[PDB]
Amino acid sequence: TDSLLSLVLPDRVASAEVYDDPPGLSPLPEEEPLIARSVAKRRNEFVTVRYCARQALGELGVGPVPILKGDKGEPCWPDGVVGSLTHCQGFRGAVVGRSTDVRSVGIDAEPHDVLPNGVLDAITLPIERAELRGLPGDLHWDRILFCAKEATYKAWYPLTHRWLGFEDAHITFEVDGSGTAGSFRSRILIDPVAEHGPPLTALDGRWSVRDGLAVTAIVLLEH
């Protein structure tokens, strides 16, 4: 199934997702040092999300490869591929694309639960707090905003190798007729200069709440 990510992804990318840890999955041998000292719940999400990533790579025509980690934990894709990984309670998902047409991917999944006390204040600009109070529907807008901030960081970081704080992007939401999905824009408030290619002044994505999960995706195209 591509049920949940199909509601946020445009064309030019492949995806895979699961909602549990299939028993007895293994990392590739090359990946073993990344999780040798990890707690079992970290091991599980690492292994299961890379099973999803190798399925998605296969839909691109790319054979199963180790997916290692680099600067600040960013995934290391095979030559000619960009992508993003996510895992939370009840979700693992991977999205990949060819770097010939896709510049960056960021995705994130969150359980559709209220944020813990104090978290909203720590992740919002004043203006975002005002905006969220005006958004329609029985949704955890705090959590959806959090999910979109996380996807924004994952799409930004591989293009800049610079920190992007919660106060460094203003996220604004649009809501479709369903009331359970729509678009967002992340307007960058700091130096937008990329390592390669045009400045990152804004990143556009989609959000969707379904099956107890918020998902967000940003797919920035190569021009």
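Heads up: residue numbers just count along the shown sequence, starting at 1.
For the pair 76-84 and 112-120, the mean B factor over Cα atoms is greater in 112-120. When the two stretches 31-39 and 150-158 are set side by side, the higher mean Cα temperature factor goes to 31-39.
When the C-alpha B-factors of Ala214, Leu25, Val18, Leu9 are ranked from the entry, the top spot goes to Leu25. Comparing the C-alpha B-factors of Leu68, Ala181, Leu60, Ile171 in the entry, the top value falls on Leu60. Among all modelled residues in this chain, the alpha-carbon of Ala14 has a temperature factor (C-alpha) in the lowest third. For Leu139, the recorded CA B-factor ranks within the highest third of the chain. Only modelled residues enter the ranking. When the modelled residues of the chain are ordered by their C-alpha B factor, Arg103 lands in the middle third.
The entry lists a Cα temperature factor for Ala194 that places it in the middle third of the chain's modelled residues.
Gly93 sits in the lowest third of its chain by CA B factor, as recorded in the PDB entry.
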